[PDB]
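What follows is one structure encoded as structure tokens, with my remarks underneath.
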Amino acid sequence: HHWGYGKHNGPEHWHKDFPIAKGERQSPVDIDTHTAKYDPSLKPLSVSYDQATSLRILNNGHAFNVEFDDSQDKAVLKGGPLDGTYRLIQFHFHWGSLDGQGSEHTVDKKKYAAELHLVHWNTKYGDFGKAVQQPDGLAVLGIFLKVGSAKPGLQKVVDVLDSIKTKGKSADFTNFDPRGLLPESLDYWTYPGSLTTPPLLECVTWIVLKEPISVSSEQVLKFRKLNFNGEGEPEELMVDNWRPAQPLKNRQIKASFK
Ligand SMILES: [SeH]Cc1ccccc1
Ligand SMILES: [Zn+2]
């Protein structure tokens, strides 16, 4: 009876196995755009993905991860609110059953159709498993998806999903350039938070871009054909794999822009 996104095992149940679910810096949160303060001391983000080496795509039973070679400084996030260098390890998405829901963060209570998470770990802790034990261990770049025009740079991901339909399936996924998933502007909001899936560790500096990317209805419909279940098991479509907004508590959201 493992955690997931159902009635009997969804987000309102996670606290029984993971008591930090009710902690002081949980994610996601609603971003109240009028309350977020412009912090003129924040720096421009530095997103350096030109040497990124993608390896594999995995259906892990709760999302799909596009995994990168993180054995060297090849794809790194620095600047903005960050001290030091964070290495890209994977990206994944969270999405809905319908276009009106799917994002984890919200903006003035608005839900987007999906949300991309580019996960990076702080190289001063040496490995990802050590980094998640630290309050500044991870930096996650969050990007909202709205449905409209297709995102050309997403199509290579969309077209491999039929090969990883069910939990535990993986496929080779080399030479994928994550620069084709970025919006034009790197304006962002930032706050201290957590992983949005168990173990819900409070180790993340969140950097949430203001500008959403557009994807087509056909692109998101293919996300919604994935399965939470393993091969041969009753089909349960992989939809609504998002955690709702959590209490902000004693936190301030800072804006990079006026
Ligand atoms: Se919800 C972002 C995230 C997912 C898996 C591991 C680290 C961070
Ligand atoms: Zn995520």
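FYI the Cβ positions are ideal-geometry reconstructions off the backbone, even for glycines, and counts take in every protein chain you see. Laboratory data are not the source of any read-out in this text; all were calculated from the coordinates shown.
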What do you reckon, is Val160 on the phi < 0 side of the Ramachandran plot and either surrounded by 20 or more Cβ atoms within 10 Å (Cβ to Cβ) or not aliphatic (A, V, I, L, M) (or both)?
-> no
Subset of the range 97-116 (residues that are touching a residue at least 24 places away in the same chain (Cβ under 8 Å), more than 14 Å from ligand 2 (Cβ to nearest atom) and not polar (S, T, N, Q)) = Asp99, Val107, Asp108, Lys109, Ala113
Could you tell me whether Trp189 is touching a residue at least 40 places away in the same chain (Cβ under 8 Å), touching an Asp or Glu at 6+ places or on another chain (Cβ under 7 Å) and surrounded by 19 or more Cβ atoms within 10 Å (Cβ to Cβ)?
-> no
Residue pairs meeting the criteria (Cβ under 8 Å; at least 6 apart or on separate chains; first touching a residue at least 40 places away in the same chain (Cβ under 8 Å) and within 24 Å of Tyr188 (Cα to Cα), in the range 117-131; second part of a helix (DSSP H, G or I) and within 9 Å of ligand 1 (Cβ to nearest atom)) | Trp121/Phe128
Residue list for the range 1-22, restricted to those being buried (at least 17 other Cβ atoms within 10 Å of the Cβ) and either hydroxyl-bearing (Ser, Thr, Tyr) or under 23 Å from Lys111 (Cβ atoms) (or both) = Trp3, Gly4, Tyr5, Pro11, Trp14, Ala21
The one condition in (1) more than 18 Å from the chain's Cα centre (by Cα); (2) crowded, with 16+ Cβ neighbours inside 10 Å; (3) not β-branched (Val, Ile, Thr) that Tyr38 fails to fulfil | (2)
What pairs can you find where one residue is in the range 68-96 and under 30 Å from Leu221 (Cα atoms) and within 15 Å of ligand 1 (Cβ to nearest atom), the other is assigned to a strand (DSSP E or B) and among the polar types (S, T, N, Q), and their Cβ atoms are less than 8 Å apart, with a gap of 6+ or different chains?
-> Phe68/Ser54; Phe68/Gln90; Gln90/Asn65; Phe91/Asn65; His92/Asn65
Residue check: is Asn229 buried (at least 20 other Cβ atoms within 10 Å of the Cβ) and within 22 Å of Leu161 (Cα to Cα)?
-> no
Out of all the residues in the range 184-226, which are more than 13 Å from ligand 2 (Cβ to nearest atom), of a type in the set (S, T, N, Q) and within 30 Å of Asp162 (Cβ to Cβ)?
-> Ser214, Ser216, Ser217, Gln219
All but one of (1) within 16 Å of ligand 2 (Cβ to nearest atom); (2) in contact with a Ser or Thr (Cβ under 7 Å, 6 or more places away or on another chain); (3) not polar (S, T, N, Q) hold for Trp121, so report the exception by its number.
-> (2)
